[PDB]
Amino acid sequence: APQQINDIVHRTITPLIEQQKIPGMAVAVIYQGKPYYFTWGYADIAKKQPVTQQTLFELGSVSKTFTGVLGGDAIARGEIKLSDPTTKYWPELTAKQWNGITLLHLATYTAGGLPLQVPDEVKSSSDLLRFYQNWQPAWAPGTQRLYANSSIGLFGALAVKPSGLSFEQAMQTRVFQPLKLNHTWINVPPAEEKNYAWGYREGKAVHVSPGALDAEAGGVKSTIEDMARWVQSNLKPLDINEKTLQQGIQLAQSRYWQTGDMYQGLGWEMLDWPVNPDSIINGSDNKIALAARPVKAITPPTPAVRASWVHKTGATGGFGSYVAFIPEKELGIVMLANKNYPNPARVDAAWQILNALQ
């Protein structure tokens, strides 16, 4: 791995692992259409299994990027429009508050205060309906961003209705397979369990226990290799064979809303390049990325801006992920760890590395 990459990667990631006390970590640096991989520590501490390029990590909310891109491809197929009312794909949703709530709203956390989580109480088809019927908006549509799984998760479930496929099936056949993401899963099959890292919360081995719409909101598990390929795909969408998937990626990186220096895409979030690390570093915490924020509509949305920092953070109980890339430099990074550690740290480290390579 070229002197410039090797130097900066090892200088940056080692101290992080030590200070955050991460049991196992994998990293990919994408540099001019080539991935370079790095691994440290353990996927399973008790059985002394190392991290490899075949270790599966829980992506958590980095899964929203796949959801955003699958929705994007549904639009490009002319199956859905972001401008369509939610009501058109869930007619039972009759309550008056849903009238001007569009698929765009759902996809971008701007429906008017949909809650962060679907209640654990929700278990059936009709349970979930009651939940969305009885939800009471704090705000009119398209005025405030509140980060929410109940919002983009519903977008996920609806965006695949006209196909007739289940969400997992649509994701597998329209996104995973065409991009050769052969070790990326919503449900990990028994054959891959040996590669499935344990996450660590308070020194305890844990795996995520999905409730309603977690598949759509945070249920993807992937390897460092498939994640680099996913980053490559997002960096250069026009090199992609399947026409709608190519469009779908581009649509996921369009800028629909602005809040501060941040622009909301489908799943992805973007800033203008070059950026102030401090602008990103303090745009993620338990009270920053999970805050109510007024948005300005971008009228009409800017299509994918090559001069951007495109990124997403994600976590589960036992895991912590980060992905970032800059299309104009053919550069990006993925960071997968089996401990949920502080977002600012993740961004700090990603920043150090890509800045020096660019």
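We number the residues from 1 along the sequence you see.
Two stretches are in play, 106-114 and 188-196, and the higher mean C-alpha B-factor belongs to 188-196. Look at the C-alpha B-factors of 253-261 and of 197-205. On average they run higher in 197-205. Highest CA B-factor among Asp120, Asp226, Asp73, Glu269, as stated in the entry: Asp120. Of all the options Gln247, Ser150, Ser284, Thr173, the entry's greatest CA B-factor is assigned to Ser284. Sorting the modelled residues of the chain by their CA temperature factor places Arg293 in the highest third. Compared with the other modelled residues of the chain, the Cα B-factor recorded for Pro300 ranks in the lowest third. When the modelled residues of the chain are ordered by C-alpha B-factor, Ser126 sits in the highest third. When the CA B factors of the chain's modelled residues are split into thirds, the value for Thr65 lands in the lowest one.
When the modelled residues of the chain are ordered by their C-alpha B factor, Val220 lands in the lowest third.
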